[PDB]
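Here's upload_22.txt, which has compact mmCIF, C-alpha atoms and all ligand atoms:
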# COMPACT_ATOMS: atom_id res chain seq x y z
CA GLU A 10 159.58 47.04 181.87
CA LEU A 11 157.17 49.82 182.83
CA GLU A 12 159.77 52.49 183.67
CA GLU A 13 161.62 51.68 180.44
CA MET A 14 158.28 51.98 178.64
CA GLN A 15 157.43 55.45 179.97
CA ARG A 16 161.00 56.58 179.29
CA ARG A 17 160.63 55.09 175.80
CA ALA A 18 157.47 57.13 175.18
CA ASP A 19 159.03 60.38 176.37
CA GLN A 20 162.07 59.49 174.25
CA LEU A 21 159.95 59.16 171.11
CA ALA A 22 158.31 62.48 172.01
CA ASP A 23 161.65 64.28 172.21
CA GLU A 24 162.90 62.62 169.01
CA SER A 25 159.80 63.68 167.09
CA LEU A 26 160.16 67.21 168.50
CA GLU A 27 163.79 67.73 167.43
CA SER A 28 162.82 66.10 164.13
CA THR A 29 160.21 68.81 163.55
CA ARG A 30 162.85 71.41 164.41
CA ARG A 31 165.08 69.87 161.73
CA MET A 32 162.14 70.16 159.35
CA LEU A 33 161.77 73.87 160.12
CA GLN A 34 165.47 74.42 159.42
CA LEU A 35 165.27 72.45 156.16
CA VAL A 36 162.22 74.29 154.83
CA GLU A 37 163.97 77.55 155.74
CA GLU A 38 167.03 76.63 153.66
CA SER A 39 164.64 75.53 150.92
CA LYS A 40 162.82 78.86 151.19
CA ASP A 41 165.97 80.95 150.76
CA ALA A 42 167.34 78.75 147.97
CA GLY A 43 164.04 79.24 146.17
CA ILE A 44 164.17 83.02 146.60
CA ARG A 45 167.68 83.37 145.20
CA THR A 46 166.66 80.98 142.42
CA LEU A 47 163.84 83.34 141.43
CA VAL A 48 166.25 86.28 141.54
CA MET A 49 168.59 84.44 139.19
CA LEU A 50 165.61 83.75 136.92
CA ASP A 51 164.78 87.45 136.71
CA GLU A 52 168.39 88.43 135.96
CA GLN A 53 168.91 85.74 133.33
CA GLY A 54 165.49 86.63 131.93
CA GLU A 55 166.45 90.24 131.28
CA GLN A 56 169.71 88.95 129.81
CA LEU A 57 167.71 86.76 127.42
CA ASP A 58 165.66 89.81 126.43
CA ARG A 59 168.85 91.72 125.62
CA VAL A 60 169.94 88.69 123.59
CA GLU A 61 166.67 88.84 121.63
CA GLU A 62 167.09 92.54 120.89
CA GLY A 63 170.60 91.69 119.74
CA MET A 64 169.25 89.06 117.35
CA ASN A 65 166.66 91.48 115.95
CA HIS A 66 169.32 94.14 115.36
CA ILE A 67 171.53 91.56 113.64
CA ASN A 68 168.62 90.54 111.41
CA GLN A 69 167.83 94.10 110.31
CA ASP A 70 171.50 94.94 109.73
CA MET A 71 172.04 91.83 107.62
CA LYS A 72 168.86 92.66 105.72
CA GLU A 73 170.39 96.02 104.82
CA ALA A 74 173.71 94.38 103.93
CA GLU A 75 171.79 92.00 101.68
CA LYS A 76 170.19 95.03 100.06
CA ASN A 77 173.56 96.69 99.41
CA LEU A 78 175.06 93.50 97.99
CA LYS A 79 172.04 93.11 95.70
CA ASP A 80 172.45 96.75 94.65
CA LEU A 81 176.13 96.15 93.92
CA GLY A 82 175.69 92.96 91.90
CA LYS B 141 127.40 32.52 187.36
CA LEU B 142 126.04 36.04 186.92
CA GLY B 143 127.84 36.62 183.62
CA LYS B 144 130.97 38.06 182.05
CA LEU B 145 132.27 41.61 181.53
CA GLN B 146 134.11 43.03 178.51
CA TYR B 147 136.26 46.05 179.35
CA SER B 148 139.18 48.06 177.95
CA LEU B 149 142.33 49.33 179.67
CA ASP B 150 145.27 51.49 178.55
CA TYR B 151 147.46 54.38 179.74
CA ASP B 152 148.00 57.70 177.97
CA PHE B 153 151.59 58.78 178.58
CA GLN B 154 151.06 62.11 176.82
CA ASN B 155 148.59 63.38 179.43
CA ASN B 156 149.63 61.03 182.25
CA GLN B 157 146.13 59.63 182.79
CA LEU B 158 144.49 56.19 182.94
CA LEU B 159 141.88 55.42 180.27
CA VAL B 160 139.34 52.86 181.48
CA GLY B 161 136.63 51.88 179.01
CA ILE B 162 133.53 49.93 179.94
CA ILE B 163 132.48 48.06 176.81
CA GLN B 164 129.71 45.69 177.86
CA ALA B 165 128.52 42.74 179.93
CA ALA B 166 126.88 39.40 179.14
CA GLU B 167 124.82 36.56 180.63
CA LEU B 168 123.91 38.55 183.75
CA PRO B 169 121.46 36.81 186.12
CA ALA B 170 117.96 38.31 186.34
CA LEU B 171 116.87 39.79 189.67
CA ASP B 172 113.91 41.88 188.50
CA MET B 173 110.28 41.11 187.62
CA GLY B 174 110.21 41.19 183.82
CA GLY B 175 112.82 38.46 183.56
CA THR B 176 115.58 41.01 183.06
CA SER B 177 117.44 43.31 185.46
CA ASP B 178 118.33 47.01 185.23
CA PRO B 179 122.16 46.95 185.33
CA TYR B 180 124.69 49.77 185.75
CA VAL B 181 128.42 49.55 186.44
CA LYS B 182 130.34 51.46 189.12
CA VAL B 183 134.05 51.85 188.37
CA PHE B 184 136.69 53.36 190.66
CA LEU B 185 140.40 53.10 191.45
CA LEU B 186 140.90 50.17 193.82
CA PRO B 187 143.54 51.77 196.04
CA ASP B 188 141.54 54.76 197.28
CA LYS B 189 137.76 54.87 196.97
CA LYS B 190 137.57 58.46 195.81
CA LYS B 191 135.73 59.95 192.84
CA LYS B 192 134.01 56.71 191.87
CA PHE B 193 132.59 56.69 188.34
CA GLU B 194 129.13 55.37 187.49
CA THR B 195 127.67 54.49 184.06
CA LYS B 196 124.17 55.23 182.78
CA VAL B 197 121.33 52.92 183.86
CA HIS B 198 120.17 50.48 181.18
CA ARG B 199 116.58 49.30 181.41
CA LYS B 200 115.72 45.59 181.41
CA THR B 201 118.65 43.91 179.65
CA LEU B 202 120.79 40.94 180.71
CA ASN B 203 123.30 41.98 178.06
CA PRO B 204 123.83 45.73 178.62
CA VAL B 205 126.10 47.70 176.30
CA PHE B 206 127.57 50.83 177.87
CA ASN B 207 130.51 51.64 175.57
CA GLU B 208 131.52 54.39 178.00
CA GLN B 209 134.91 55.81 179.00
CA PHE B 210 136.43 57.13 182.23
CA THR B 211 139.71 58.94 182.92
CA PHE B 212 141.78 58.67 186.10
CA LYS B 213 144.31 61.50 186.34
CA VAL B 214 147.02 59.42 188.01
CA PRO B 215 150.80 59.57 187.45
CA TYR B 216 152.54 56.51 186.04
CA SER B 217 154.68 55.94 189.13
CA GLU B 218 151.74 55.78 191.54
CA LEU B 219 149.81 53.63 189.07
CA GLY B 220 151.82 50.46 189.72
CA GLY B 221 150.53 50.02 193.25
CA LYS B 222 147.00 50.92 192.26
CA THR B 223 144.14 48.54 191.49
CA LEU B 224 140.95 48.92 189.47
CA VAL B 225 137.47 47.97 190.64
CA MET B 226 134.52 47.35 188.32
CA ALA B 227 131.32 46.31 190.10
CA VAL B 228 128.01 45.56 188.40
CA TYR B 229 124.95 46.88 190.23
CA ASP B 230 121.23 46.25 189.75
CA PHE B 231 119.04 49.35 189.85
CA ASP B 232 115.83 49.33 191.88
CA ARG B 233 113.63 52.39 192.26
CA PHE B 234 112.14 51.59 195.68
CA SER B 235 114.98 49.80 197.49
CA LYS B 236 118.73 49.39 197.90
CA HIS B 237 120.57 48.77 194.63
CA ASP B 238 121.86 45.21 195.02
CA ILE B 239 125.35 44.41 193.76
CA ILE B 240 125.29 41.86 190.95
CA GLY B 241 129.04 41.39 190.70
CA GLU B 242 132.53 42.82 191.07
CA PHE B 243 136.01 42.55 189.55
CA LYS B 244 139.43 43.72 190.71
CA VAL B 245 142.47 44.25 188.48
CA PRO B 246 145.99 44.67 189.94
CA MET B 247 148.04 47.25 188.02
CA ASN B 248 151.23 45.21 188.41
CA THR B 249 149.74 42.39 186.36
CA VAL B 250 148.53 44.85 183.72
CA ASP B 251 150.88 45.43 180.79
CA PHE B 252 150.67 48.85 179.14
CA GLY B 253 152.11 49.57 175.72
CA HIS B 254 149.45 47.78 173.74
CA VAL B 255 145.79 48.72 174.14
CA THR B 256 144.29 46.05 176.39
CA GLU B 257 140.70 44.79 176.06
CA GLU B 258 139.34 41.59 177.59
CA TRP B 259 136.41 39.55 178.89
CA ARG B 260 136.53 38.56 182.55
CA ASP B 261 134.09 36.48 184.58
CA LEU B 262 132.23 38.31 187.35
CA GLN B 263 132.38 37.07 190.94
CA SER B 264 130.35 37.64 194.10
CA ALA B 265 131.41 40.63 196.20
CA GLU B 266 132.84 40.00 199.66
CA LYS B 267 130.63 40.80 202.64
CA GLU B 550 135.66 39.35 207.53
CA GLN B 551 135.50 40.02 211.28
CA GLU B 552 135.24 43.71 212.17
CA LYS B 553 137.38 43.96 215.33
CA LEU B 554 140.71 42.62 214.00
CA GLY B 555 142.28 43.06 217.43
CA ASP B 556 144.26 40.58 219.51
CA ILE B 557 145.11 40.12 223.19
CA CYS B 558 148.10 38.14 224.49
CA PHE B 559 148.45 36.71 228.00
CA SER B 560 149.98 33.82 229.96
CA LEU B 561 148.29 31.05 231.96
CA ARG B 562 149.85 29.13 234.85
MG MG C 1 114.82 47.41 189.10
Will you turn the file into structure tokens for me?
Amino acid sequence: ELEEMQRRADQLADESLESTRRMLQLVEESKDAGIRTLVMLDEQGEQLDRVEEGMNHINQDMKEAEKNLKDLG
Amino acid sequence: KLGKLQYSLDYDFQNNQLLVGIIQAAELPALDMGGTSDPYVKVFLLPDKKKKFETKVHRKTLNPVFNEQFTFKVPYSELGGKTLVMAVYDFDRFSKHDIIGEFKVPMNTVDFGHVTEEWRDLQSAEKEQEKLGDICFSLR
């Protein structure tokens, strides 16, 4: 009973230890995933900016086209 | 008849040390003038009388509350064959400090795993023959 008890305690100690190691690994993977996520956000962000400039250009061009069609009618 | 003693016992497996807590005592007989004695408890490992631990002296109370703690740096393997001794002493400034009571706890009867804490009745300390030798012969 006693021997099994001490061994049980040391067992729980080891289990908790390796558990914490697993935690370290998991928060590392989380860390990296987060980093690359942010990178993707920057890239896609700049892409969205280019999209906006595209929309503005379209608007101005179609404004001019509207002008020409009103000058033709 | 002297009174009872509430104490705590448990083992810390993380540091491999015995945690013995002296909570309090009750209904102690009075041996001093005022109608109350000056009690203090001496605690030590029963197997070897080395590094005995003594509590602080409480003045004139038949229900002293010590709430103190002692640590015995002893491995868990050696612990099983080791006993605990808690003896209640009466302090006197001008004479020998008379023993009020004593209590012995076998560590094979103790169950660790849950924090133990109990009241146990005090008994009178033993004063046997000193020689303990024997001679054998034949008569015809
Ligand atoms: Mg006294």
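With all atoms listed in the file as the atoms that count, the residue of B:227, B:245, B:250, B:186 with the shortest distance to residue 262 (chain B) is B:227.
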With 9 Å as the cut-off and only C-alpha atoms counted, what is the closest atom pair between each nearby residue of chain B and chain A? Distances in Å to one decimal, ordered by chain and number, as a tab-separated table.
residue	atom	partner	partner_atom	distance
B:153	CA	A:15	CA	6.9
B:154	CA	A:19	CA	8.2
B:216	CA	A:15	CA	7.9
B:217	CA	A:12	CA	8.2
B:220	CA	A:11	CA	8.7
B:251	CA	A:11	CA	7.9
B:252	CA	A:11	CA	7.5
B:253	CA	A:14	CA	7.2
Convert the current residue selection to file output with C-alpha atoms, as a compact mmCIF listing (two decimals), in the coordinates of the input.
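Saved as out_30.txt:
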# COMPACT_ATOMS: atom_id res chain seq x y z
CA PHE B 153 151.59 58.78 178.58
CA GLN B 154 151.06 62.11 176.82
CA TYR B 216 152.54 56.51 186.04
CA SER B 217 154.68 55.94 189.13
CA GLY B 220 151.82 50.46 189.72
CA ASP B 251 150.88 45.43 180.79
CA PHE B 252 150.67 48.85 179.14
CA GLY B 253 152.11 49.57 175.72
Test item: residues at most 9 Å from residue 198 (chain B), all atoms listed in the file, excluding those fewer than 6 positions along its chain, as a PDB file with C-alpha atoms, in the frame of the given file:
ATOM      1  CA  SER B 177     117.440  43.310 185.460  1.00  0.00           C
ATOM      2  CA  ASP B 178     118.330  47.010 185.230  1.00  0.00           C
ATOM      3  CA  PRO B 179     122.160  46.950 185.330  1.00  0.00           C
ATOM      4  CA  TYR B 180     124.690  49.770 185.750  1.00  0.00           C
ATOM      5  CA  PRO B 204     123.830  45.730 178.620  1.00  0.00           C
ATOM      6  CA  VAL B 205     126.100  47.700 176.300  1.00  0.00           C
ATOM      7  CA  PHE B 206     127.570  50.830 177.870  1.00  0.00           C
ATOM      8  CA  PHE B 231     119.040  49.350 189.850  1.00  0.00           C
TER       9      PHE B 231
END
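Closest approach to ligand MG 1 (chain C) from the set B:259, B:243, B:147, B:234 is made by B:234, with distances taken over all atoms listed in the file.
Nearest residue to ligand MG 1 (chain C), choosing from B:208, B:556, B:261, B:237 and counting only C-alpha atoms and all ligand atoms: B:237.
With distances taken over all atoms listed in the file, B:170 is the one residue among B:162, B:142, B:170, B:149 lying closest to ligand MG 1 (chain C).
Going from CA of residue 255 (chain B) to CA of residue 212 (chain B) covers 16.1 Å.
Between ligand MG 1 (chain C) and the residues B:264, B:207, B:176, B:249, the shortest atom-to-atom distance, using only C-alpha atoms and all ligand atoms, involves B:176.
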Worksheet entry | Cut-off 8 Å, all atoms listed in the file, neighbours of ligand MG 1 (chain C) as a VMD selection string | chain B and resid 171 to 173 177 to 178 200 230 to 233
Take the residues from that selection and put them in a file with C-alpha atoms, as an mmCIF file, in the frame of the given file.
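File written: selection_25.cif
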data_model
loop_
_atom_site.group_PDB
_atom_site.id
_atom_site.type_symbol
_atom_site.label_atom_id
_atom_site.label_comp_id
_atom_site.auth_asym_id
_atom_site.auth_seq_id
_atom_site.Cartn_x
_atom_site.Cartn_y
_atom_site.Cartn_z
ATOM 1 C CA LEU B 171 116.870 39.790 189.670
ATOM 2 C CA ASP B 172 113.910 41.880 188.500
ATOM 3 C CA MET B 173 110.280 41.110 187.620
ATOM 4 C CA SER B 177 117.440 43.310 185.460
ATOM 5 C CA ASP B 178 118.330 47.010 185.230
ATOM 6 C CA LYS B 200 115.720 45.590 181.410
ATOM 7 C CA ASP B 230 121.230 46.250 189.750
ATOM 8 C CA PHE B 231 119.040 49.350 189.850
ATOM 9 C CA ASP B 232 115.830 49.330 191.880
ATOM 10 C CA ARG B 233 113.630 52.390 192.260
#
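Counting all atoms listed in the file, residue 224 (chain B) has the following residues at most 9 Å away, ignoring those fewer than 3 positions along the same chain: residues 183, 184, 185, 186, 187, 243, 244, 245, 246 and 247 of chain B.
Put simply, CA of residue 240 (chain B) is 21.2 Å away from CA of residue 190 (chain B).
The interatomic distance for the pair CA of residue 236 (chain B) and CA of residue 211 (chain B) works out to 27.5 Å.
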From the coordinates I just gave you, please extract chain A so that only C-alpha atoms remain, then output it as an mmCIF file, in the first residue's frame.
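Produced file selection.cif, reproduced below:
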data_model
loop_
_atom_site.group_PDB
_atom_site.id
_atom_site.type_symbol
_atom_site.label_atom_id
_atom_site.label_comp_id
_atom_site.auth_asym_id
_atom_site.auth_seq_id
_atom_site.Cartn_x
_atom_site.Cartn_y
_atom_site.Cartn_z
ATOM 1 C CA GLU A 10 0.000 0.000 0.000
ATOM 2 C CA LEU A 11 2.745 2.431 0.998
ATOM 3 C CA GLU A 12 5.248 1.540 -1.743
ATOM 4 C CA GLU A 13 2.463 1.711 -4.328
ATOM 5 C CA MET A 14 1.529 5.099 -2.863
ATOM 6 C CA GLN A 15 5.008 6.623 -3.156
ATOM 7 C CA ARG A 16 5.340 5.176 -6.655
ATOM 8 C CA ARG A 17 1.910 6.647 -7.412
ATOM 9 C CA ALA A 18 3.045 10.104 -6.294
ATOM 10 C CA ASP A 19 6.245 9.992 -8.353
ATOM 11 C CA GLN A 20 4.119 8.711 -11.245
ATOM 12 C CA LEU A 21 1.802 11.722 -11.052
ATOM 13 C CA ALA A 22 4.891 13.950 -10.903
ATOM 14 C CA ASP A 23 6.314 12.485 -14.116
ATOM 15 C CA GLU A 24 2.920 12.625 -15.849
ATOM 16 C CA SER A 25 2.469 16.293 -14.966
ATOM 17 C CA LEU A 26 6.026 16.994 -16.153
ATOM 18 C CA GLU A 27 5.648 15.431 -19.609
ATOM 19 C CA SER A 28 2.244 17.120 -19.756
ATOM 20 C CA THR A 29 3.901 20.515 -19.337
ATOM 21 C CA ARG A 30 6.370 19.550 -22.056
ATOM 22 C CA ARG A 31 3.401 18.801 -24.328
ATOM 23 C CA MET A 32 2.066 22.245 -23.433
ATOM 24 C CA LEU A 33 5.342 23.878 -24.472
ATOM 25 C CA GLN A 34 5.234 22.074 -27.819
ATOM 26 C CA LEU A 35 1.585 23.060 -28.362
ATOM 27 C CA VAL A 36 2.109 26.746 -27.589
ATOM 28 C CA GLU A 37 5.112 26.666 -29.921
ATOM 29 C CA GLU A 38 2.998 25.341 -32.799
ATOM 30 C CA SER A 39 0.373 27.928 -31.866
ATOM 31 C CA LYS A 40 3.058 30.625 -31.891
ATOM 32 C CA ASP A 41 4.282 29.786 -35.398
ATOM 33 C CA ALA A 42 0.750 29.358 -36.781
ATOM 34 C CA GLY A 43 -0.034 32.813 -35.425
ATOM 35 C CA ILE A 44 3.055 34.335 -37.029
ATOM 36 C CA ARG A 45 2.328 32.949 -40.487
ATOM 37 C CA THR A 46 -1.298 34.014 -39.996
ATOM 38 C CA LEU A 47 -0.165 37.607 -39.457
ATOM 39 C CA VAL A 48 2.063 37.377 -42.534
ATOM 40 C CA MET A 49 -0.914 36.230 -44.595
ATOM 41 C CA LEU A 50 -2.901 39.146 -43.166
ATOM 42 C CA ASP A 51 -0.280 41.637 -44.341
ATOM 43 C CA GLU A 52 -0.107 40.134 -47.835
ATOM 44 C CA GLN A 53 -3.877 39.931 -48.283
ATOM 45 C CA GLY A 54 -4.103 43.437 -46.829
ATOM 46 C CA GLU A 55 -1.867 44.930 -49.505
ATOM 47 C CA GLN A 56 -3.858 42.943 -52.061
ATOM 48 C CA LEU A 57 -7.057 44.544 -50.739
ATOM 49 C CA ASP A 58 -5.420 47.962 -51.092
ATOM 50 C CA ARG A 59 -4.592 47.224 -54.732
ATOM 51 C CA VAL A 60 -8.220 46.147 -55.153
ATOM 52 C CA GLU A 61 -9.367 49.496 -53.740
ATOM 53 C CA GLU A 62 -7.119 51.454 -56.103
ATOM 54 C CA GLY A 63 -8.575 49.328 -58.889
ATOM 55 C CA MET A 64 -12.104 50.281 -57.860
ATOM 56 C CA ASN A 65 -11.209 53.985 -57.718
ATOM 57 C CA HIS A 66 -9.666 53.844 -61.193
ATOM 58 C CA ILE A 67 -12.770 52.066 -62.504
ATOM 59 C CA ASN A 68 -14.974 54.758 -60.967
ATOM 60 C CA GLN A 69 -13.056 57.640 -62.540
ATOM 61 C CA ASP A 70 -12.872 55.931 -65.937
ATOM 62 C CA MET A 71 -16.607 55.225 -65.948
ATOM 63 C CA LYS A 72 -17.213 58.816 -64.884
ATOM 64 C CA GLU A 73 -15.334 59.949 -67.994
ATOM 65 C CA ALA A 74 -17.196 57.422 -70.160
ATOM 66 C CA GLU A 75 -20.446 58.794 -68.742
ATOM 67 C CA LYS A 76 -19.257 62.266 -69.724
ATOM 68 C CA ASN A 77 -18.507 61.184 -73.308
ATOM 69 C CA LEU A 78 -21.856 59.412 -73.664
ATOM 70 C CA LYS A 79 -23.631 62.520 -72.353
ATOM 71 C CA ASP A 80 -21.634 64.623 -74.833
ATOM 72 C CA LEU A 81 -22.624 62.283 -77.657
ATOM 73 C CA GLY A 82 -26.340 62.137 -76.870
#
